[PDB]
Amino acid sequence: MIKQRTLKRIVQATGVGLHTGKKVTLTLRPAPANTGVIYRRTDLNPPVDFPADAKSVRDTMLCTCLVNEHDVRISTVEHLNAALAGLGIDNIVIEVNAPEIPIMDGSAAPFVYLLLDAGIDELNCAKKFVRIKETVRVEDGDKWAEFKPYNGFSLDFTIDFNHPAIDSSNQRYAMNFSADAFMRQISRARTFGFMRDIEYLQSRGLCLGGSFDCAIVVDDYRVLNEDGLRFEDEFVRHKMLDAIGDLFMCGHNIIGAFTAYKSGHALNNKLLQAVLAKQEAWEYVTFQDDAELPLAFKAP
């Protein structure tokens, strides 16, 4: 039986918040079967829990956030969330003593190492997958995202950039998902931003944790970071990282074929909710027989 997974031990890291520019302490905790992914603010007293659920997401100006019933929020969850998907973590409590997850280097890679430090504990309860069994498509003008039936997990992402620092041969990315592929191809791809916009935000007391150390920054013409890009197509790799984090907001791996054009957090979440709302478009599946498990979701 393919089992749910949590961490073996509690681990911590510190880093600055993108929004606040202050030091945030991130604590990752084991959790029992079926409890899912929980984000928790411990700056607030009493602490506030935010279960990861598609309906709770908001696409904020910077990154994303989860909200509770009172519109209290926890922000910048999606890069860590993508790392959870990458390493096949099902149940976990994620605490920060702040309103946001630390931005780290702008990618998911620092979370990969943190999760490896925490180890894996297999729990004695079947891991449930969401199997796509009907095609589901959503649109926003010229943008679209769709899931189609497919015995695996694939992502085909095109971005539509007209920035000079992003060439045509670097506008689409497609991959068969796996833990190894996520770790090596995707996890180090950093977020990105427009310098003038960042300057504007920082002039209004926002995005104060922004630096060259946490993002690719371009002006009108070029990448400003001294060392350039980690991948020639880092921008689209990062948007695939974001899609993986967006989709895992349901707390389950999805067996299907994901294709998106000029999609982003809002449209990805729109697709996720559309699928889940259509009772006949999907079903939970488990694998009592390990061998039936699609290649995409084999352990790291």
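In this text, residue numbers run from 1 along the sequence as written. Throughout, rigid core stands for the largest set of C-alpha atoms superposing within 1.5 Å between the two forms.
Higher-deviation segment by CA RMS in 5 other deposited structures of this protein, core fitted, 201 to 209 or 160 to 168: With the rigid core superposed, the C-alphas that lie farther in 5 other deposited structures of this protein are those of 160 to 168.
Taking RMS over all structures and residues, which stretch has CA atoms farther from the shown form in 5 other deposited structures of this protein, 284 to 292 or 19 to 27, after a rigid core fit? Comparing 284 to 292 with 19 to 27, the larger C-alpha deviation in 5 other deposited structures of this protein belongs to 284 to 292.
Stretch with the higher entry mean CA B-factor, where the candidates are 198 to 206 and 92 to 100: Per the PDB entry, the higher value belongs to 198 to 206.
Looking only at CA atoms, which has the higher mean B factor in the entry: 131 to 139 or 101 to 109? Averaged over C-alpha atoms, the B-factors run higher in 131 to 139.
Using the entry's values, work out which of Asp213, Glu146, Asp117, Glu226 has the largest Cα B factor. So the option with the highest C-alpha B-factor is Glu146.
Per the entry's Cα B factor values, which of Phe182, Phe161, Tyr221, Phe192 stands out as the maximum? The record points to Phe161.
Taking the chain's C-alpha temperature factors as the reference, tell me which third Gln288 falls into: lowest, middle or highest. As the PDB entry reports it, the C-alpha B-factor of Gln288 lands in the highest third of its chain.
Taking only the Cα B-factors deposited for this chain, tell me whether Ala54 sits in the lowest, middle or highest third. For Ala54, the deposited C-alpha B-factor lands in the middle third.
Is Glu78 in the lowest, middle or highest third of its chain when residues are ranked by C-alpha B-factor? For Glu78, the deposited C-alpha B-factor lands in the lowest third.
Can you work out whether the C-alpha temperature factor of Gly245 puts it in the lowest, middle or highest third of the chain? Lowest third - that is where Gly245 ends up once the chain's C-alpha B-factors are sorted.
Among the modelled residues of this chain, does the Cα B factor of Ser263 put it in the lowest, middle or highest third? Highest third.
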